[PDB]
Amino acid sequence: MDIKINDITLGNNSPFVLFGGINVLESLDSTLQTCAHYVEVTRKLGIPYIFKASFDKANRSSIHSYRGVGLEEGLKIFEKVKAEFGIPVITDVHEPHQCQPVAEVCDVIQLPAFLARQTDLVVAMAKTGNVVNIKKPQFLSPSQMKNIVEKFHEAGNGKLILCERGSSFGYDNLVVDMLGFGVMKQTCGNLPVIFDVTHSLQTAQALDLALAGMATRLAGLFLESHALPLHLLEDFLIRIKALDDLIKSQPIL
């Protein structure tokens, strides 16, 4: 199943879509600057692009840690990103009441991995009618992703993206099961599957891991820069596009 996001066709047999951006919104000017680098690089490379950022870091290690600009500022910054660049955007939501107002602005709304079993958040997200990015919890097997998809379907929203971010591997370490992509395709109605390489690394390896995941034939790549050094983005993406073009050119089977 493909999903149209404005003029972008997102699908597991379509050219890969870059979901790219930053950890958290910090100011308008820094956001616009970073986003302009992404747009410029992806435009020239011919890669469909969706800008990513959180408006709030809800689970930092200290109650005093900087959390980003917050929701009201955040949606103001997103509105300007959309106006200036004409691209879709994606952000995460942490509380049910945030969903509809966030969804008025942000094209794709994201269910954080920790909150996949917050059933009222699922319901509130589904009710917006927006495209949804479901972050696969590190504690959830690829065959059980269907359980989350089921909930969204029962709540009336079938515009769902499945986002790999690694699986718990002993303590304080993650492993990406390259077979999980295919399991998710087979068991969740071939919904778009994307790969968050950035959060998968938590514990030069970013390129190798990204290439490996995209070799399994995926709708998109999800990443953050500062995270990849921003100036390496073009060279990084040249590689990814080379591999994606090759895989997508091969008949399935």
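Don't overthink the numbering: it's just position in the shown sequence, from 1.
According to the entry, the deposited sequence places 10 or more unmodelled residues between residue 226 and residue 227.
The entry models residue 27 and residue 28 with no unmodelled deposited residue separating them. Stretches compared: 169-177, 80-88. Higher mean C-alpha B-factor in the entry: 80-88. Higher average CA B factor: 62-70, of the stretches 62-70 and 48-56.
Out of 147, 100, 110, 157, the entry records its largest CA B-factor for 100. Residue-level inspection of the entry shows that, of 216, 31, 42, 200, 31 has the top Cα B-factor.
In the PDB entry, a CA B factor belonging to the highest third of its chain's modelled residues is recorded for residue 75. Residue 164: CA B factor lies in the lowest third for its chain, per the PDB record. Sorting the modelled residues of the chain by their CA temperature factor places residue 233 in the middle third.
Per-chain ranking of the deposited C-alpha B factor places residue 204 in the highest third. When the modelled residues of the chain are ordered by C-alpha B-factor, residue 117 sits in the highest third.
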